[PDB]
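Take a look at the structure set out below.
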Amino acid sequence: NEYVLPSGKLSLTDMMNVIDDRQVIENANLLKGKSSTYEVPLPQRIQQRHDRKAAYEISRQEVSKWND
Amino acid sequence: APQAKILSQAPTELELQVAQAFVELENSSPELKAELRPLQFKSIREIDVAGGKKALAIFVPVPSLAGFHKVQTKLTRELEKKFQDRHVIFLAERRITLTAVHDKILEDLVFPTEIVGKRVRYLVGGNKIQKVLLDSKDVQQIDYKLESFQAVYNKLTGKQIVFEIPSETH
Amino acid sequence: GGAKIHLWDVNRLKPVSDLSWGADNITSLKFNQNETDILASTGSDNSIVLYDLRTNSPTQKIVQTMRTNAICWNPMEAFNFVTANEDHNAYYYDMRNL
Amino acid sequence: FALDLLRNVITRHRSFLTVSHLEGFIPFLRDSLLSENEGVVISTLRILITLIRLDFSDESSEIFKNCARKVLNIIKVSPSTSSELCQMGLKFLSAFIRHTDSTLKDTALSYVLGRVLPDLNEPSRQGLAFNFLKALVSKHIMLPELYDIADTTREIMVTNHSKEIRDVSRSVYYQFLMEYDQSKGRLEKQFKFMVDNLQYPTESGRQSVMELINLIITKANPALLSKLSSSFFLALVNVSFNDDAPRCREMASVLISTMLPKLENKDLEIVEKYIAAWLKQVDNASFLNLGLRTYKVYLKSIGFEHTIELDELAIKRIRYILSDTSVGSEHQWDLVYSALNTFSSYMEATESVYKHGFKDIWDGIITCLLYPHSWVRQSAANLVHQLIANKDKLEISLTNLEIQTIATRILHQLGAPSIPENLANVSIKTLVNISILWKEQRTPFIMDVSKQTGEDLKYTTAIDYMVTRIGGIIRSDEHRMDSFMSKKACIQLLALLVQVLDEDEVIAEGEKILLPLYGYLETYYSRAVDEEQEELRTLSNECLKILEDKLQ
């Protein structure tokens, strides 16, 4: 089967560039992007730890107002 | 044969997939094939972990569990690639001395990391905090595994026990 | 405080939120006097944990050699607090650098 | 007791239950909601859920709003969502906002959403929270954070391990995209989101995104589809080429084949131009193989010869593969198998197999049979089976020397150690057909002038030569375990050839057939007999019975 057959991987960007017409690349606007795919989710403890580090930076920036 | 690799008389879908992964590993490595030819797994069960995750607990007879303890690292390194984002852990069936059974289950879960200690804190009002202090040889990958260990142990033994590494503040 | 730290409201008969850092009990609490959304708490695991209510989260944790008994915030400096300790000492702390 | 009696009465008799009778019982329910007894409140909530599902009047709706407010207070008091009282309050509020036009305060609905937000991940708690969310979506109440709720549901879609939770999140996300108005930039971000998550580390997440995009393709308007469908086709071709999961690749092929007829003429023309581009870029073998697979999929979807230029380019690529398809060719074995599959599809869809160019394609198929790859050999065997029937309908029939060479290739495939069961059965059927043709034409054994064995021919007839080759392949035991299925298929083909051939020819080839048969027959009461050896002995006994039926 074709699915059973192995890929020589070809990039989607490589296929879009090998497409000769620039009008096709312009029409495929959804293909062009900043690669907004999700990462695999972290363990919950690690994600909470990152969120708490972010909250720490926000709290320090809020409280450094009183320094003056 | 996946049915030959699985010690269970009736394979399941996940059991058949795991046995196919075992056969792929055996085809890849002949020494691992020589190790896995006597080795067989009796059962598989899939345990829920908070955050939507689910982990695999594979239940193996005792002298074959010794073989998986000998060959754990390559096998789990292959299974983490084969089965995606799912922690796979090998345990034996310990039919229920319940304290000793639960301690053996604990050691099998935390394998190959040592148990530095066990503690129970009695609070005012009758609350108990039960903690297990693990070894810090390989700290980074234990940190992801701690809530998985806690969920699997709570599901299998019915006891909730916090897991922590005393070397690193968390 | 207690087994878990809970943020309550006087208009609600049950806790508004649970702010606990992990499965450890919490012995004492203190709200900041100036930056009133900051909280600090002491645990029996030799820990001082800060909390911020704008993010509704436990901000940071420090672990010392012995258990801290009480906390007081500076009335005049929003980012300093003193902790009583079992060390036979008290420690003066800046929140930004623990 | 009264609540249980009422529950039994309505749950037992439906015709006896009327709207007018229970209107007196509703105030007793709103009075029993304040009871401290949890069983009383739960039974009251069951009856109240049933009465909301039933139709009522305006005063009863006002009492239902009172019950909704009391249930909301119960939800506030209950500390965990795992509690049965909190669960039944959630069921009550979901049924309330489903079947009553009256709505609570938006702050109250936001509070209930905030409580049931963590439950969307855990399988034990997900169903009731998703029931509440689906009820809110279906009633289309507008809340500020429902967009973030939709983002959470699409995260659950992609990343959750549970199939049921993925499916329900898919339903909620689809309903939010179809119904709730959004910015054009937000919609384009959502579509680019789907296209990006097509390339995801988790195969289950990829498959869930593929089911979502399948629903998009099915229920989408074609005008809105095509602008998305360009990037959709590109990304789906990328998945069908580069995904590690064969099930995901097959689903990508199925989704592309489903999207192709619904696509507009301009989109189909753009896809055909892209197919021509990958087919023309023949510098990279995998690139050309992907182009050929896309061309075959497009042909199977839209129909044969919709684009004559694209069909001619694909046929030219297949002819190039046939020209370089011998052993040691630069083309990949997988590419050769894909070209053989495309040629088989073209021969099925077209009557062009009768042409002399497709005779050269059949010569390339013979070269592909000589090729050592088993899949390519099986594809060439299937093509030979098609060309056996198509040869009489062809403009130029296959020669006797060509049939002898095909039989020699089949004998080489049988003598090969590793062979598929289907390929072995096909080779046996092809040998039987060749023996029948040789018996009908009375064709003798043919030896090439260029390649001379230097000795007299062992068998006078071509069918006798094929039978002798099958017997020799069965008697050969260099790899007994690997060639056991080949020997069983050769025994079946020998029985078929003994049935097909004339009695004098059967009498002549009986010694050669029995010589491989006597090898298993000589071993009697063996201490350690193999199962494959016993099966071969049984097949040899059946062949000997057929031979004894043919000749006395």
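Ordering of the structure tokens sets the chain letters (A, B, ...); residue numbers start at 1 within each chain; ligands are numbered from 1 in the order shown.
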
12 Å contacts from chain C to chain A using only C-alpha atoms, as a PyMOL selection string: chain C and resi 19-22+32+34-39+49-61+76-80+94-98

What are the closest atom pairs, with distances in Å to one decimal, for each residue of chain C lying within 9 Å of chain D, using only C-alpha atoms, rows by chain and rising residue number, as JSON lines?
```
{"residue": "C:12", "atom": "CA", "partner": "D:76", "partner_atom": "CA", "distance": 7.9}
{"residue": "C:13", "atom": "CA", "partner": "D:77", "partner_atom": "CA", "distance": 6.5}
{"residue": "C:14", "atom": "CA", "partner": "D:77", "partner_atom": "CA", "distance": 6.0}
{"residue": "C:15", "atom": "CA", "partner": "D:79", "partner_atom": "CA", "distance": 8.0}
```

Within 6 Å of chain D: residues of chain A, using only C-alpha atoms, as a PyMOL selection string: chain A and resi 3-5+7-9+12+28+30-31+37

Keeping only N, CA and C atoms, write the selected residues to a file as a PDB file, in the first residue's frame.
```
ATOM      1  N   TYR A   3       0.317   3.908   1.846  1.00  0.00           N
ATOM      2  CA  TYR A   3       0.527   4.263   3.245  1.00  0.00           C
ATOM      3  C   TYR A   3       1.605   3.392   3.877  1.00  0.00           C
ATOM      4  N   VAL A   4       1.652   2.113   3.500  1.00  0.00           N
ATOM      5  CA  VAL A   4       2.680   1.214   4.016  1.00  0.00           C
ATOM      6  C   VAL A   4       4.046   1.579   3.447  1.00  0.00           C
ATOM      7  N   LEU A   5       4.069   2.153   2.247  1.00  0.00           N
ATOM      8  CA  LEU A   5       5.328   2.533   1.625  1.00  0.00           C
ATOM      9  C   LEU A   5       5.964   3.697   2.384  1.00  0.00           C
ATOM     10  N   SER A   7       8.239   7.189   3.130  1.00  0.00           N
ATOM     11  CA  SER A   7       8.340   8.490   2.481  1.00  0.00           C
ATOM     12  C   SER A   7       9.591   8.573   1.610  1.00  0.00           C
ATOM     13  N   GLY A   8      12.740   9.630   2.013  1.00  0.00           N
ATOM     14  CA  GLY A   8      12.793  10.871   1.263  1.00  0.00           C
ATOM     15  C   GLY A   8      11.633  11.801   1.561  1.00  0.00           C
ATOM     16  N   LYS A   9      11.669  12.425   2.734  1.00  0.00           N
ATOM     17  CA  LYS A   9      10.606  13.339   3.129  1.00  0.00           C
ATOM     18  C   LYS A   9      10.709  14.652   2.362  1.00  0.00           C
ATOM     19  N   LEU A  12       6.292  20.611   3.181  1.00  0.00           N
ATOM     20  CA  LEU A  12       5.133  21.293   2.615  1.00  0.00           C
ATOM     21  C   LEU A  12       5.529  22.640   2.023  1.00  0.00           C
ATOM     22  N   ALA A  28      -3.194  30.102  -1.392  1.00  0.00           N
ATOM     23  CA  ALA A  28      -3.034  29.258  -0.209  1.00  0.00           C
ATOM     24  C   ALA A  28      -2.525  30.088   0.974  1.00  0.00           C
ATOM     25  N   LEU A  30      -3.884  30.261   3.988  1.00  0.00           N
ATOM     26  CA  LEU A  30      -3.949  29.530   5.250  1.00  0.00           C
ATOM     27  C   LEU A  30      -2.721  28.650   5.444  1.00  0.00           C
ATOM     28  N   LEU A  31      -2.093  28.224   4.344  1.00  0.00           N
ATOM     29  CA  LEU A  31      -0.867  27.440   4.447  1.00  0.00           C
ATOM     30  C   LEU A  31       0.276  28.272   5.012  1.00  0.00           C
ATOM     31  N   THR A  37       1.027  25.592  15.601  1.00  0.00           N
ATOM     32  CA  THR A  37       0.660  24.287  16.134  1.00  0.00           C
ATOM     33  C   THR A  37       0.933  24.213  17.632  1.00  0.00           C
TER      34      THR A  37
END
```

Exercise answer, chain C residues close to chain B, 8 Å and only C-alpha atoms, as a ChimeraX atom specification: /C:3,23-24,63

Secondary structure check, helix (DSSP H, G or I) residues of range 100-159 of chain B, as number ranges by chain: B: 100-110, 139-157

Same residues, C-alpha atoms, output as a PDB file, in the first residue's frame:
```
ATOM      1  CA  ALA B 100       4.587  -5.619  51.954  1.00  0.00           C
ATOM      2  CA  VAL B 101       2.586  -5.983  48.727  1.00  0.00           C
ATOM      3  CA  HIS B 102       2.076  -2.214  48.554  1.00  0.00           C
ATOM      4  CA  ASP B 103       5.771  -1.627  49.258  1.00  0.00           C
ATOM      5  CA  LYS B 104       6.714  -3.980  46.414  1.00  0.00           C
ATOM      6  CA  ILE B 105       4.291  -2.124  44.124  1.00  0.00           C
ATOM      7  CA  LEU B 106       5.909   1.151  45.217  1.00  0.00           C
ATOM      8  CA  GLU B 107       9.417  -0.103  44.414  1.00  0.00           C
ATOM      9  CA  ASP B 108       8.249  -1.432  41.039  1.00  0.00           C
ATOM     10  CA  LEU B 109       6.739   1.957  40.183  1.00  0.00           C
ATOM     11  CA  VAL B 110       9.781   3.968  41.220  1.00  0.00           C
ATOM     12  CA  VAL B 139      16.369  14.365  38.489  1.00  0.00           C
ATOM     13  CA  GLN B 140      14.949  15.931  35.312  1.00  0.00           C
ATOM     14  CA  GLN B 141      12.899  12.974  34.080  1.00  0.00           C
ATOM     15  CA  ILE B 142      11.658  12.036  37.560  1.00  0.00           C
ATOM     16  CA  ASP B 143      10.133  15.526  37.877  1.00  0.00           C
ATOM     17  CA  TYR B 144       7.746  14.837  34.996  1.00  0.00           C
ATOM     18  CA  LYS B 145       7.015  11.360  36.340  1.00  0.00           C
ATOM     19  CA  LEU B 146       5.992  12.253  39.895  1.00  0.00           C
ATOM     20  CA  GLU B 147       2.285  12.934  39.389  1.00  0.00           C
ATOM     21  CA  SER B 148       2.068   9.878  37.125  1.00  0.00           C
ATOM     22  CA  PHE B 149       3.613   7.761  39.891  1.00  0.00           C
ATOM     23  CA  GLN B 150       1.213   9.234  42.444  1.00  0.00           C
ATOM     24  CA  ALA B 151      -1.869   8.638  40.285  1.00  0.00           C
ATOM     25  CA  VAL B 152      -0.919   5.050  39.404  1.00  0.00           C
ATOM     26  CA  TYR B 153      -0.085   4.197  43.021  1.00  0.00           C
ATOM     27  CA  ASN B 154      -3.321   5.758  44.294  1.00  0.00           C
ATOM     28  CA  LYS B 155      -5.329   3.834  41.697  1.00  0.00           C
ATOM     29  CA  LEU B 156      -3.658   0.479  42.336  1.00  0.00           C
ATOM     30  CA  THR B 157      -3.311   0.537  46.130  1.00  0.00           C
TER      31      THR B 157
END
```

Which residues of chain A come within 9 Å of chain B, and for each one, what is the closest pair of atoms and their distance in Å to one decimal, counting only C-alpha atoms, sorted by chain and residue number, as a Markdown table?
```
| residue | atom | partner | partner_atom | distance |
| --- | --- | --- | --- | --- |
| A:40 | CA | B:85 | CA | 7.8 |
| A:41 | CA | B:51 | CA | 8.8 |
| A:42 | CA | B:144 | CA | 8.0 |
| A:43 | CA | B:144 | CA | 5.8 |
| A:44 | CA | B:51 | CA | 6.2 |
| A:45 | CA | B:147 | CA | 7.5 |
| A:46 | CA | B:144 | CA | 7.2 |
| A:49 | CA | B:170 | CA | 8.7 |
```

Take the residues from that selection and write them out as a compact mmCIF listing (two decimals), in the first residue's frame, keeping N, CA and C atoms.
```txt
# COMPACT_ATOMS: atom_id res chain seq x y z
N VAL A 40 3.12 19.41 22.68
CA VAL A 40 2.57 18.38 23.57
C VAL A 40 2.38 18.98 24.96
N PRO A 41 1.30 18.67 25.67
CA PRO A 41 1.12 19.27 27.00
C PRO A 41 2.13 18.75 28.01
N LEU A 42 2.62 19.65 28.83
CA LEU A 42 3.53 19.36 29.92
C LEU A 42 2.80 18.66 31.04
N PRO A 43 3.53 18.02 31.96
CA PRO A 43 2.91 17.60 33.22
C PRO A 43 2.36 18.79 33.98
N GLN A 44 1.29 18.53 34.74
CA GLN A 44 0.53 19.61 35.36
C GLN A 44 1.36 20.37 36.39
N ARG A 45 2.22 19.66 37.12
CA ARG A 45 3.07 20.32 38.10
C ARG A 45 4.05 21.27 37.42
N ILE A 46 4.62 20.85 36.30
CA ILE A 46 5.59 21.67 35.59
C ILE A 46 4.91 22.89 34.97
N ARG A 49 4.25 25.29 37.66
CA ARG A 49 5.49 25.94 38.07
C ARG A 49 5.86 27.08 37.12
```

Nearest-residue call for chain B, choices D:218, D:131, D:342, D:162, using only C-alpha atoms: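 Comparing D:218, D:131, D:342, D:162 against chain B, the winner is D:162.
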
Atom pair CA of residue 266 in chain D / CA of residue 225 in chain D: separation (Å):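 Separating CA of residue 266 in chain D from CA of residue 225 in chain D is a distance of 12.0 Å.
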
Per-residue DSSP, chain C, filtered to strand (DSSP E), as number ranges by chain: C: 6-7, 17-18, 26-31, 38-43, 47-52, 57-63, 68-73, 80-85, 90-94
